[PDB]
Amino acid sequence: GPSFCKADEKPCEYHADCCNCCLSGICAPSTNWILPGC
């Protein structure tokens with residue numbers, strides 16, 4: 001449903017531990033444009 005799987009705003013290193021994208025050491029949504037996600 002409208003929810004994540006692991007957690008958001010939590011700092012991590014591998015994007016895998018998050019359905020969205022763990023960018024700059026954080027589990028967040030697709031906050032990017034030219035930079036690739038995961």
# chains A, B, ... in the order shown; residues from 1 in each chain; ligands from 1
call {"tool": "residues_around", "arguments": {"residues": "residue 20 of chain A", "least_positions_apart": "4", "cutoff": "7 Å", "atoms": "only C-alpha atoms", "output": "list in words"}}
result
residues 28, 29 and 30 of chain A
call {"tool": "residues_around", "arguments": {"residues": "residue 32 of chain A", "least_positions_apart": "5", "cutoff": "12 Å", "atoms": "only C-alpha atoms", "output": "list in words"}}
result
residues 20, 21, 22, 23, 24, 37 and 38 of chain A
call {"tool": "write_last_selection", "arguments": {"atoms": "N, CA, C and O atoms", "output": "short mmCIF file (atom, residue, chain, number, x, y, z; two decimals), in the first residue's frame"}}
result
data_model
loop_
_atom_site.label_atom_id
_atom_site.label_comp_id
_atom_site.auth_asym_id
_atom_site.auth_seq_id
_atom_site.Cartn_x
_atom_site.Cartn_y
_atom_site.Cartn_z
N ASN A 20 12.68 2.26 -1.74
CA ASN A 20 12.93 3.53 -2.49
C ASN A 20 14.44 3.62 -2.82
O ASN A 20 15.00 2.73 -3.42
N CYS A 21 15.12 4.67 -2.42
CA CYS A 21 16.58 4.74 -2.73
C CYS A 21 17.37 5.31 -1.55
O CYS A 21 17.16 6.42 -1.13
N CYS A 22 18.30 4.55 -1.02
CA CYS A 22 19.12 5.06 0.13
C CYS A 22 20.22 5.98 -0.41
O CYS A 22 21.36 5.58 -0.54
N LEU A 23 19.87 7.19 -0.73
CA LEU A 23 20.89 8.14 -1.29
C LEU A 23 21.73 8.74 -0.16
O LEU A 23 21.54 8.40 0.98
N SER A 24 22.66 9.62 -0.50
CA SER A 24 23.59 10.28 0.49
C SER A 24 23.45 9.76 1.94
O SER A 24 23.23 10.53 2.86
N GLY A 37 19.81 6.74 -9.39
CA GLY A 37 19.26 6.34 -8.07
C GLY A 37 19.86 5.02 -7.62
O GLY A 37 21.00 4.95 -7.18
N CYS A 38 19.11 3.95 -7.71
CA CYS A 38 19.65 2.63 -7.28
C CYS A 38 18.81 1.49 -7.88
O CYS A 38 19.35 0.41 -8.04
#
call {"tool": "residues_around", "arguments": {"residues": "residue 11 of chain A", "least_positions_apart": "6", "cutoff": "8 Å", "atoms": "only C-alpha atoms", "output": "JSON, numbers by chain"}}
result
{"A": [22, 25, 26, 27]}
call {"tool": "write_last_selection", "arguments": {"atoms": "N, CA, C and O atoms", "output": "PDB file, in the first residue's frame"}}
result
ATOM      1  N   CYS A  22      18.302   4.545  -1.016  1.00  0.00           N
ATOM      2  CA  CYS A  22      19.117   5.057   0.133  1.00  0.00           C
ATOM      3  C   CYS A  22      20.218   5.977  -0.409  1.00  0.00           C
ATOM      4  O   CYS A  22      21.362   5.582  -0.542  1.00  0.00           O
ATOM      5  N   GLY A  25      23.613   8.471   2.156  1.00  0.00           N
ATOM      6  CA  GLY A  25      23.530   7.900   3.537  1.00  0.00           C
ATOM      7  C   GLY A  25      22.128   8.060   4.156  1.00  0.00           C
ATOM      8  O   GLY A  25      22.014   8.217   5.351  1.00  0.00           O
ATOM      9  N   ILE A  26      21.067   7.995   3.387  1.00  0.00           N
ATOM     10  CA  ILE A  26      19.693   8.127   3.989  1.00  0.00           C
ATOM     11  C   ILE A  26      18.665   7.344   3.165  1.00  0.00           C
ATOM     12  O   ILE A  26      18.756   7.277   1.957  1.00  0.00           O
ATOM     13  N   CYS A  27      17.662   6.795   3.801  1.00  0.00           N
ATOM     14  CA  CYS A  27      16.610   6.062   3.032  1.00  0.00           C
ATOM     15  C   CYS A  27      15.502   7.039   2.628  1.00  0.00           C
ATOM     16  O   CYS A  27      14.607   7.322   3.399  1.00  0.00           O
TER      17      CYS A  27
END
call {"tool": "select_by_dssp", "arguments": {"residues": "chain A", "states": "strand (DSSP E)", "output": "PyMOL selection string"}}
result
chain A and resi 21-23+26-28
